[PDB]
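Listed next as structure tokens is one chain, alone, in the form deposited in one PDB entry.
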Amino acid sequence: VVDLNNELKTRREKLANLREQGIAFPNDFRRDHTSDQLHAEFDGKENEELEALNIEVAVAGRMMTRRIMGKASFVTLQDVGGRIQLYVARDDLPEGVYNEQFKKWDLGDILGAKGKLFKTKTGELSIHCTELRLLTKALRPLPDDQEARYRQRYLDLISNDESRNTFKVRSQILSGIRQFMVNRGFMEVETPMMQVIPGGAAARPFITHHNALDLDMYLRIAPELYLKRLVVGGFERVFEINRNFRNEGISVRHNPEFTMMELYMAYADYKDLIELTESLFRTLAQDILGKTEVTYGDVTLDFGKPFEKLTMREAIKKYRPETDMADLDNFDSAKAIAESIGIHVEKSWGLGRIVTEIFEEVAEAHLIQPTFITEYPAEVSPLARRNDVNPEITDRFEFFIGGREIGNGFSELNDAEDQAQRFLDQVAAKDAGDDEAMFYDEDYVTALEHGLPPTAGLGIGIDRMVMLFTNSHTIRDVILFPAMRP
């Protein structure tokens, strides 16, 4: 309440005094151990050992908790790898430090300590300090909606062990993805974030202006088209992990800027990539989580049993059994069905979009276990190769875990004449009402004209993947600094 402004004014005056005494913010203390290391190597030893071993250490961290017992105290110190106990004794430190200084410090303050190890009555490992000092004065006290954890992630990180575990694991996932890709000869590239024409996905984009060149640019909604140019140029196995910016809304399972991986391999089809995705997940879970059966909320995600495969038509029939599939071949009856399950059909929608929507509604949520849905109507797949036997559908697949879309992949359209026509279609839909349709891209049609080998491309939502790997149930739990509404 008002506790805070007193805390501020006290911590304030304490610093102005520290300045008069000398150098308030020293940067010469050097530690040599972190809690996790100390615990790891020494929690298996007893006090008869330690006293005789006489192993001295130096550590630094944030003073979390301090139990003052007159002429001796106990402080809990928290560093990058955990918390460690300190026994602070007035006579075992230099003269005056414990009284004129230590007792005058505050919780939140960063300290440095050095002393021999031992174990307290409780069995906890501790450092009997011979030296201890203030490194950084916390002008503000430790912490105390749940959106506070997102406006000031450092506070959350200091407090919540799980967050720090979550992100540590995120790094392990990326590191493991890269290790995996390179092992299959994929080379990582960096294409532009700014683009003169945005594309490679369906989304309203962010506009920016290059002051100098008098030119509007765009934050990339996807790097797809540039990565395919690299395949034209002869990089036959490229992948890229980085942002995309979609001017959508901050609806919790969304963030305006997220992390995606795209990978392309020439002389392969969507199947080759379906099978690649399997190994990616099944291998990462095993390596990063030890087990193949993985707990996510109420369910146990079985990454060990072969991922399920259904075509869209199959999925529609499986989750809406009363469905007369024959109605899905006709426009009026398919619109009837779509509206009978409560979908508002846009004026710009054609049959394939309607069917795709119906699938979205009736089935997506039920795909809890790792699932691949295949064979999408051409309409909704502007960059995908047509199917040989049925041109009305494309060699395309989506991938779902936990009722969410974790992946997307297809046999690439390298038919430039067709690719250009699908752009005109996308441009028509845009004029017709679709704020998410694609822009026509001449330079790309051209790149294709020079020849794009047959190729299969795969996109994967890195954030959502981490969620399923760390048991997070909002994307804001896997993004260090989510975009917060003012």
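If you superpose the two forms and keep the largest set of C-alpha atoms that fall within 1.5 Å, you have the rigid core. Heads up: residue numbers just count along the shown sequence, starting at 1.
Here the subject shifts to the form deposited in another entry, a form of this protein not shown in this document.
**Q** Where among 213, 336, 207, 365 does the Cα move by 2 Å or more between this form and the one not shown after the core is superposed?
**A** It is 336; the other listed residues stay below 2 Å.
**Q** Against the rigid core, is the Cα displacement of residue 265 between this form and the one not shown at least 2 Å?
**A** After core superposition, the displacement of the residue 265 C-alpha between this form and the one not shown stays below 2 Å, so no.
**Q** For residue 353, is the CA shift between this form and the one not shown at least 2 Å following rigid-core superposition?
**A** Indeed, residue 353 is displaced by 2 Å or more.
**Q** Please state whether residue 100 has a C-alpha shift of 2 Å or more between this form and the one not shown, with the rigid core used for the fit.
**A** For residue 100, whose C-alpha is compared between this form and the one not shown after core superposition, the shift is less than 2 Å.
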